[PDB]
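Student: Below is a structure I'd like to ask you about.
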Amino acid sequence: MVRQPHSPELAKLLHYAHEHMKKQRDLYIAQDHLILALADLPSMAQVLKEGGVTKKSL
Amino acid sequence: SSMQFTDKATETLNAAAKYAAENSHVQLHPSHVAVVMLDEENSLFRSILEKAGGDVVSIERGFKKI
Amino acid sequence: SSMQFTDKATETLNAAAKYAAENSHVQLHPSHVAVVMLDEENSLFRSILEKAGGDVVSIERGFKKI
């Protein structure tokens with residue numbers, strides 16, 4: 001957040017939420033759909049892998 | 001993300017890979033699935049073309065040319 | 001041998017088996033019991049270490065390496 005100055009990066013986060021919406025067989029978008037969208041970003045997956053949650057563990 | 005299959009659609013997917021390998025092919029075209037799925041005893045796809053309209057003897061002939 | 005369990009003991013061993021699913025494990029190792037008790041706020045295993053004079057951070061690192 002400090003490194004960063006509608007948002008251009010937010011468009012990619014909302015686009016990934018539509019892909020996960022057609023996976024868990026849900027007609028709507030809830031909170032669980034926005035959780036898997038953060039792991040697909042290259043600038044956001046490093047934070048989750050720092051504590052102790054890898055890709056397979058997530 | 002997770003993918004879960006059933007029983008009728010599972011045997012059809014495995015049959016499409018064997019049909020494309022016995023005829024010496026490269027890519028798996030989607031036309032190699034509706035042919036095997038239609039050749040079933042009391043299949044659910046046969047009643048779809050007969051309800052919404054369209055002859056079932058002319059649609060299958062267009063899949064072999066692909 | 002008569003190894004009967006209480007209501008609180010069954011809530012820990014049953015939760016330890018499901019805790020290994022997220023950490024990618026296929027077995028129930030006894031080292032996973034101390035990890036679940038340290039992940040709960042105001043637990044029974046944490047109150048014992050405070051009275052005996054023990055660092056809970058160094059103990060958690062020992063069971064994590066195993």
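By order of appearance in the structure tokens: chains A, B, ..., then residues from 1 within every chain, and ligands from 1 in the order shown.
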Just list as a VMD selection string whatever in chain B DSSP marks as helix (DSSP H, G or I).
Tutor: chain B and resid 8 to 22 31 to 38 46 to 51 56 to 62
Student: Go through chain A residue by residue and, counting only C-alpha atoms, keep those with an atom at most 8 Å from region 18-36 of chain C; for each kept residue give the shortest atom pair and its distance in Å to one decimal, ordered by chain and increasing number, as JSON lines.
Tutor:
```
{"residue": "A:56", "atom": "CA", "partner": "C:24", "partner_atom": "CA", "distance": 7.3}
{"residue": "A:57", "atom": "CA", "partner": "C:22", "partner_atom": "CA", "distance": 5.4}
{"residue": "A:58", "atom": "CA", "partner": "C:22", "partner_atom": "CA", "distance": 7.1}
```
Student: Enter the distance from CA of residue 14 (chain B) to CA of residue 39 (chain B), in Å, rounded to one decimal.
Tutor: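 Rounded to one decimal, the two atoms are 14.7 Å apart.
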Student: Select residues of chain A: the criterion is any atom within 9 Å of an atom of chain B, counting only C-alpha atoms; output as a PyMOL selection string.
Tutor: chain A and resi 20+23-24+36
Student: Can you write just those residues out, N, CA and C atoms, as a JSON list (two decimals), in the first residue's frame?
Tutor:
```
[["chain", "number", "residue", "atom", "x", "y", "z"],
["A", 20, "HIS", "N", -13.37, -17.25, -10.75],
["A", 20, "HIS", "CA", -13.65, -18.12, -9.61],
["A", 20, "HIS", "C", -15.14, -18.27, -9.36],
["A", 23, "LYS", "N", -16.55, -21.58, -10.73],
["A", 23, "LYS", "CA", -15.80, -22.74, -10.27],
["A", 23, "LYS", "C", -16.50, -23.46, -9.13],
["A", 24, "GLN", "N", -16.87, -22.76, -8.07],
["A", 24, "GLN", "CA", -17.56, -23.37, -6.93],
["A", 24, "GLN", "C", -19.06, -23.49, -7.14],
["A", 36, "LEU", "N", -9.79, -16.20, -3.18],
["A", 36, "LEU", "CA", -8.90, -16.88, -4.12],
["A", 36, "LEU", "C", -8.36, -15.94, -5.19]]
```
Student: What does chain B look like once superposed on chain C, all Cα atoms paired in sequence order, least squares? Give it as a PDB file with C-alpha atoms, in the first residue's frame.
Tutor:
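Done, and the output landed in superposed_29.pdb:
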```pdb
ATOM      1  CA  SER B   1      -9.838 -52.659  28.335  1.00  0.00           C
ATOM      2  CA  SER B   2     -11.801 -49.441  27.803  1.00  0.00           C
ATOM      3  CA  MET B   3     -10.988 -45.892  26.703  1.00  0.00           C
ATOM      4  CA  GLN B   4     -12.957 -42.859  27.902  1.00  0.00           C
ATOM      5  CA  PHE B   5     -12.362 -39.293  26.710  1.00  0.00           C
ATOM      6  CA  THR B   6     -13.558 -35.892  27.896  1.00  0.00           C
ATOM      7  CA  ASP B   7     -14.526 -32.723  26.005  1.00  0.00           C
ATOM      8  CA  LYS B   8     -11.433 -30.510  25.731  1.00  0.00           C
ATOM      9  CA  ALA B   9      -9.107 -33.389  24.826  1.00  0.00           C
ATOM     10  CA  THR B  10     -11.700 -34.856  22.442  1.00  0.00           C
ATOM     11  CA  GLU B  11     -11.961 -31.787  20.198  1.00  0.00           C
ATOM     12  CA  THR B  12      -8.159 -31.568  20.046  1.00  0.00           C
ATOM     13  CA  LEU B  13      -7.765 -35.172  18.872  1.00  0.00           C
ATOM     14  CA  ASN B  14     -10.328 -34.709  16.092  1.00  0.00           C
ATOM     15  CA  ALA B  15      -8.668 -31.440  15.040  1.00  0.00           C
ATOM     16  CA  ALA B  16      -5.259 -33.102  14.630  1.00  0.00           C
ATOM     17  CA  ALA B  17      -6.621 -35.535  12.033  1.00  0.00           C
ATOM     18  CA  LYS B  18      -8.118 -32.724   9.938  1.00  0.00           C
ATOM     19  CA  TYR B  19      -4.872 -30.727  10.016  1.00  0.00           C
ATOM     20  CA  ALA B  20      -2.810 -33.690   8.791  1.00  0.00           C
ATOM     21  CA  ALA B  21      -5.277 -34.394   5.961  1.00  0.00           C
ATOM     22  CA  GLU B  22      -5.486 -30.838   4.596  1.00  0.00           C
ATOM     23  CA  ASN B  23      -1.687 -30.609   4.209  1.00  0.00           C
ATOM     24  CA  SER B  24      -1.344 -33.962   2.378  1.00  0.00           C
ATOM     25  CA  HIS B  25       0.452 -36.114   4.969  1.00  0.00           C
ATOM     26  CA  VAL B  26       0.796 -39.845   5.624  1.00  0.00           C
ATOM     27  CA  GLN B  27       1.542 -40.430   9.307  1.00  0.00           C
ATOM     28  CA  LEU B  28       0.027 -38.610  12.290  1.00  0.00           C
ATOM     29  CA  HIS B  29       3.001 -37.056  14.052  1.00  0.00           C
ATOM     30  CA  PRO B  30       2.485 -36.034  17.712  1.00  0.00           C
ATOM     31  CA  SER B  31       3.661 -32.497  16.857  1.00  0.00           C
ATOM     32  CA  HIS B  32       0.291 -31.843  15.163  1.00  0.00           C
ATOM     33  CA  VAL B  33      -1.502 -31.832  18.541  1.00  0.00           C
ATOM     34  CA  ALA B  34       0.348 -29.286  20.697  1.00  0.00           C
ATOM     35  CA  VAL B  35      -0.046 -26.613  18.003  1.00  0.00           C
ATOM     36  CA  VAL B  36      -3.849 -26.807  17.909  1.00  0.00           C
ATOM     37  CA  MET B  37      -4.144 -27.269  21.680  1.00  0.00           C
ATOM     38  CA  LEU B  38      -2.083 -24.137  22.370  1.00  0.00           C
ATOM     39  CA  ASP B  39      -4.325 -21.952  20.164  1.00  0.00           C
ATOM     40  CA  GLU B  40      -7.128 -21.734  22.719  1.00  0.00           C
ATOM     41  CA  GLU B  41      -8.649 -18.921  24.763  1.00  0.00           C
ATOM     42  CA  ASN B  42      -7.305 -19.216  28.330  1.00  0.00           C
ATOM     43  CA  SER B  43      -5.811 -22.649  27.694  1.00  0.00           C
ATOM     44  CA  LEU B  44      -4.361 -24.749  30.503  1.00  0.00           C
ATOM     45  CA  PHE B  45      -1.136 -25.455  28.586  1.00  0.00           C
ATOM     46  CA  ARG B  46      -0.198 -21.760  28.395  1.00  0.00           C
ATOM     47  CA  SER B  47       0.023 -21.437  32.188  1.00  0.00           C
ATOM     48  CA  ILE B  48       2.269 -24.515  32.412  1.00  0.00           C
ATOM     49  CA  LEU B  49       5.152 -23.109  30.358  1.00  0.00           C
ATOM     50  CA  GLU B  50       4.898 -19.754  32.159  1.00  0.00           C
ATOM     51  CA  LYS B  51       5.061 -21.358  35.624  1.00  0.00           C
ATOM     52  CA  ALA B  52       7.858 -23.932  35.238  1.00  0.00           C
ATOM     53  CA  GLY B  53       9.962 -21.547  33.147  1.00  0.00           C
ATOM     54  CA  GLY B  54      10.536 -21.031  29.446  1.00  0.00           C
ATOM     55  CA  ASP B  55       9.291 -18.511  26.895  1.00  0.00           C
ATOM     56  CA  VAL B  56       6.083 -19.410  25.060  1.00  0.00           C
ATOM     57  CA  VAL B  57       7.189 -17.553  21.906  1.00  0.00           C
ATOM     58  CA  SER B  58      10.183 -19.825  21.190  1.00  0.00           C
ATOM     59  CA  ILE B  59       8.785 -23.293  21.956  1.00  0.00           C
ATOM     60  CA  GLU B  60       5.991 -23.073  19.374  1.00  0.00           C
ATOM     61  CA  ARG B  61       8.469 -21.996  16.682  1.00  0.00           C
ATOM     62  CA  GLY B  62      10.234 -25.355  17.014  1.00  0.00           C
ATOM     63  CA  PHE B  63       7.083 -27.359  16.286  1.00  0.00           C
ATOM     64  CA  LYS B  64       6.473 -25.936  12.799  1.00  0.00           C
ATOM     65  CA  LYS B  65       9.870 -27.159  11.566  1.00  0.00           C
ATOM     66  CA  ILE B  66       8.860 -30.760  12.301  1.00  0.00           C
TER      67      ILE B  66
END
```
